[PDB]
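Structure first, then comments.
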Ligand SMILES: */C(=C\C(=O)Nc1ccc2oc(-c3ccccn3)nc2c1)c1ccncc1
Ligand SMILES: */C(=C\C(=O)Nc1ccc2oc(-c3ccccn3)nc2c1)c1ccncc1
């Protein structure tokens with residue numbers, strides 16, 4: 194079975210799979226063509242990412258597809274041997290790989306073999322690390338041996354290993370996105386018998402923070418729930443088919459292990475969902491979309507584009523949603539960071562993660578909360609080339625207390641005010657909020673927008689929530705009394735919600751923001 | 193085979209240091225008669241250091257090949273990967289072999305792997321090998337012509353006992369190449385690549401900032417990869442492959458140099474024409490930073506030691522840094538641009561030592577206010605400056621925007637005796653700045669800089685740059701919008731764009747601030 198694993202049996206990493214394919218397969222199938230022009234093939238590739246992804250099979254998939262020899266060195270297995278056994282085994286591994294070429298050597302759990310030098314506390318451990326380094330540098334330029342390694346964090350690996358010529362290409366196999374999750378769910382359910390009511394797309398969309406292993410466990414739990422419901426009360439053996447109810451139940455009881463891991467992807471929020479102003483949209487377009495869309499114009503006119511902006515205004519979800527929408531427009535990855543998250554050298558880490566994604570929209574929320597971290601952010605921004613397509617966006621609700629250093633040119637040089645949404649914006653927001661709900665025909669959104677003025681996006685969302693709570697309360701009470723009288727939200731529900739206006743922004747705050755704008 | 197042919201030409205990015213090493217090694221190892229006659233003691237330990245990838249690992253081999261001497265290589269990890277007695281036997285066997293075949297050169301690559309700081313060593317085998325190395329080092333009789341060269345990332349990671357007066361007394365830094373060095377490296381690596389006729393490596397080298405030799409090798413590889421990707425994916438092809446300037450630019454776009462955070466030492470390419478500047482300030486800086494270095498004889502004749510430090514205070518902007526870079530450029534002295542934020546994040557002495565190593569240096573300290581009036597850094601800097609021999613051609617320049625806050629200690633004589641002020645640029649300065657800003661971009665013949673300068677008064681360097689930047693964005697905006705309509723209409727930036735940018739003409743420096751600076755000057 195192992196030799197039969199291919200590209201199709203790995204899900205959740207298709208971009209990285211293409212990268213690895215071009216890096217490895219092509220040289221190992223037409224070495225003459227690459228040598229002619231003079232392209233040097235890579236000699237060390239380090240895959241890293243959260244545990245549970247498919248990065249342990251990537252090496253096997255590549256080796257099988259390229260039809261090359263494959264050798265596996267298991268970190269814990271090597272470190273579980275006597276003093277000389279580990280050295281003999283590393284040497285034998287590399288020698289065997291050289292014997293049969295082209296080859297691939299996968300050193301699973303490298304951080305087990307070569308942890309940070311501080312962690313090591315014996316002569317045997319350091320001797321093994323140095324043995325690995327010596328073997329690594331000994332790969333002749335034409336040996337046709339590619340060393341692949343996997344870890345959780347490259348920082349846990351001995352830095353000497355991450356030098357030129359030893360491990361110079363580092364690829365991240367991160368959390369899958371919705372398409373990746375669907376791919377994994379379709380891979381794992383190959384043998385399970387499904388019912389006709391299963392729509393894996395919804396499951397994939399709803400499974401947040403799930404890695405391939407988590408999805409395998411989820412499928413197993415759903416099958417078990419089906420067994421429980423059926424057998425509890436050969437005929438049955440042939441009448442078993444997991445149902446969407448079982449999958450939803452399994453989702454309910456699941457505890458994904460990758461909840462806290464930052465997510466990088468292209469969000470699915472469009473302009474229509476926030477509405478927003480026109481000037482702000484135009485400015486954001488000019489800043490972010492044009493340089494990526496038409497770099498030629500910037501080059502010919504020869505002025506380097508600015509990197510980041512700094513939204514200010516009353517609190518709410520407009521700023522974050524606006525940034526997400528602009529990122530969606532340009533099809534660039536979106537990275538969200540919260541001040542509380544940062545308070546808990555991570556700054557360099559997140560900046561490098563952004564730099565890895567070519568079009569990225571690095572978002573920093575609650576920037577006001579953020595001396596050491598401030599200086600680290602300052603230096604990192606100052607040391608960001610204004611020619612790489614990485615855009616920093618800030619957000620704050622107290623521009624007065626923001627340190628002026630960040631505002632200095634080259635770091636964050638543009639300020640944009642985000643006012644309360646207007647009538648059209650409020651209409652768009654309300655339409656988005658009730659998008660997934662069965663609203664009644666009588667209800668008109670335009671009148672609601674006219675009635676509500678000065679209400680922040682939070683206020684409108686709260687208004688929608690109050691109405692739905694009323695509908696649920698009515699349905700339950702009617703159901704109890706009856707024991722679909724309330725099939726859709728009615729006007730009375732919305733009016734009852736409106737009974738408590740609760741405007742979250744005072745006119746004094748708006749005047750203060752206006753004064754801040756005028757002073758600029 | 194190929195190893196024994198590496199020479200001076202096959203190393204790039206280090207030409208000053210290569211000349212130093214040539215004089216310091218090749219000549220003694222070819223004409224010992226003269227050196228012994230006049231009585232010059234050849235060095236016995238040379239420690240090369242710098243960021244990884246710079247090609248210092250070939251310097252030893254290049255020198256050995258050129259001088260025709262025996263060459264022996266000891267690889268740190270290789271020695272430390274053996275059993276307890278194997279590493280000792282190997283060090284001893286290396287030095288014995290080198291001495292047996294004289295003259296020789298011994299290159300101990302990755303010294304810090306063999307002899308780290310005493311504290312970092314926990315076992316006894318590690319300390320035993322370090323002591324073995326020290327014993328062998330001291331055992332080199334002056335008569336025997338053995339020169340030990342070692343390479344390490346930083347000299348501090350090496351055991352201090354090694355950096356003694358008879359072991360490793362010469363330390364050479366091989367740091368990031370400059371633009372000429374980058375061009376040299378690119379020429380070396382593209383020897384076997386077949387390039388197209390539109391490739392002009394000068395622009396690549398100039399734009400490749402923070403790249404080391406290895407990074408440039410990767411860049412060339414990626415460009416070739418892009419070319420093959422496009423053409424092939426879309436024997437004839439094998440003979441039609443030629444990298445193109447588009448491929449090199451694309452490779453640059455997607456490259457992540459590993460030496461971005463490393464301080465750069467180099468003569469800046471900024472001239473007086475790009476800053477304008479008051480004639481008084483220009484003359485004063487000329488005197489201070491040029492007469493001592495250009496006519497030391499006169500200073501000796503009148504016997505007054507030149508002051509070392511100058512301060513700059515005034516409105517925030519690009520003026521101070523540009524002025525310092527210009528004065529450095531005129532004297533062709535190296536420029537070090539330590540910023541305050543970098544220092545906020554031992555280090556002070558390291559910067560001062562780096563400056564000292566480059567004799568004519570224009571060490572720059574921006575935003576000094578943040579560091580000074594904290595206690596630790598300010599005291600360390602005061603101590604280090606006070607220990608700065610005024611007879612050396614190292615000039616310290618400070619910049620600040622709160623001249624009222626800096627502690628008076630820094631301005632006491634012997635530390636920073638001059639207190640020049642940098643005021644807002646005048647009309648001619650603004651004209652020069654605008655000409656420089658638009659120099660790289662096409663401009664309409666109608667557009668006149670003189671009127672724009674006349675309109676702009678009190679505008680800081682950023683203000684002028686902002687004006688130019690805003691105008692270009694308008695031109696790009698208009699240029700593209702026409703393109704979609706047609707789907722060149724805007725070949726150059728027209729005066730309409732400049733006037734539209736001028737519509738929102740803003741002054742970033744309040745006249746109150748300028749008056750405050752004037753008050754400080756008068757009180758001073
Ligand atoms: C939306 C985020 C959101 O609603 N954020 C938010 C709501 C209310 C807030 O009040 C404050 C505040 C702070 C200090 C003083 C007073 N009030 N901050 C608030 C923030 C959202 C984000 C991302 N995706 C979707 C929605
Ligand atoms: C130019 C650098 C430059 O213009 N930097 C700069 C612009 C504006 C600034 O405002 C402050 C400041 C300080 C304190 C309070 C308020 N504002 N600092 C500023 C710095 C330049 C540098 C290097 N090479 C070329 C040009």
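Protein chains in written order, with UniProt numbering: chain A, 194 to 426, 436 to 546, 554 to 579, 595 to 707, 722 to 758; chain B, 193 to 426, 436 to 546, 554 to 581, 594 to 707, 722 to 758. For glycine and all other residues, C-beta sits at the position ideal for the given N, C-alpha and C.
Is residue i close to chain B, meaning its C-beta is less than 9 Å from at least one C-beta of that chain?
| i | result |
| --- | --- |
| residue 600/A | yes |
| residue 326/A | yes |
| residue 641/A | no |
| residue 490/A | no |
| residue 564/A | yes |
| residue 540/A | no |
| residue 226/A | yes |
| residue 505/A | yes |
| residue 340/A | no |
Residue i by DSSP, collapsed to three states: which one?
| i | result |
| --- | --- |
| residue 539/B | strand |
| residue 603/B | helix |
| residue 321/A | helix |
| residue 618/B | strand |
| residue 424/B | helix |
| residue 362/A | strand |
| residue 352/A | helix |
| residue 339/A | strand |
| residue 694/B | helix |
| residue 493/A | helix |
| residue 294/A | coil |
| residue 221/B | coil |
Please find out if some non-hydrogen atom of ligand 2 comes closer than 8 Å to the beta-carbon of residue i.
| i | result |
| --- | --- |
| residue 456/A | no |
| residue 633/A | yes |
| residue 518/B | yes |
| residue 245/A | no |
| residue 629/A | yes |
| residue 742/B | yes |
| residue 685/B | yes |
Does the beta carbon of residue i fall short of 8 Å from some heavy atom of ligand 1?
| i | result |
| --- | --- |
| residue 522/A | yes |
| residue 530/A | no |
| residue 621/A | yes |
| residue 682/A | yes |
| residue 526/A | yes |
9 Å is my cut-off, CB to CB: does residue i come that close to chain A?
| i | result |
| --- | --- |
| residue 555/B | no |
| residue 205/B | no |
| residue 649/B | no |
| residue 272/B | yes |
| residue 193/B | no |
| residue 412/B | yes |
| residue 376/B | no |
| residue 660/B | yes |
Requested in this report: Check whether the segment 679-689 of chain A touches the segment 737-744 of chain A, taking contact to mean three or more Cβ pairs, one atom from each stretch, closer than 8 Å.
Outcome: yes
Report task. Ignoring anything shorter than 4 residues or poking outside the segment 497-537 of chain A, list the alpha helix (DSSP H) runs there in chain order. Result -> 497-503 and 520-532
Query raised in the report: Should the segment 401-411 of chain B be called in touch with the segment 375-384 of chain B, which here means at least 3 C-beta pairs below 8 Å?
Result: yes
Query raised in the report: Which full runs of the beta strand (DSSP E) of 3+ residues lie inside the segment 624-660 of chain A, going along the chain?
Result: 639-641
Query raised in the report: Taking one C-beta from the segment 241-248 of chain B and one from the segment 200-211 of chain B each time, how about it: are there three or more such pairs within less than 8 Å?
Result: yes
Report task. Check whether the segment 609-617 of chain B touches the segment 440-448 of chain B, counting contact only when three or more Cβ pairs, one atom from each stretch, lie closer than 8 Å. Result -> no
Query raised in the report: Counting only runs that start and end within the segment 195-219 of chain B, where is the alpha helix (DSSP H) found for 4 or more residues in a row?
Result: 208-213
Requested in this report: Examine the Cβ distances between the segment 503-523 of chain B and the segment 665-676 of chain B and report whether three or more of them are shorter than 8 Å.
Outcome: no
Query - Three CB pairs or more closer than 8 Å across the segment 601-609 of chain A and the segment 627-635 of chain A - result: yes
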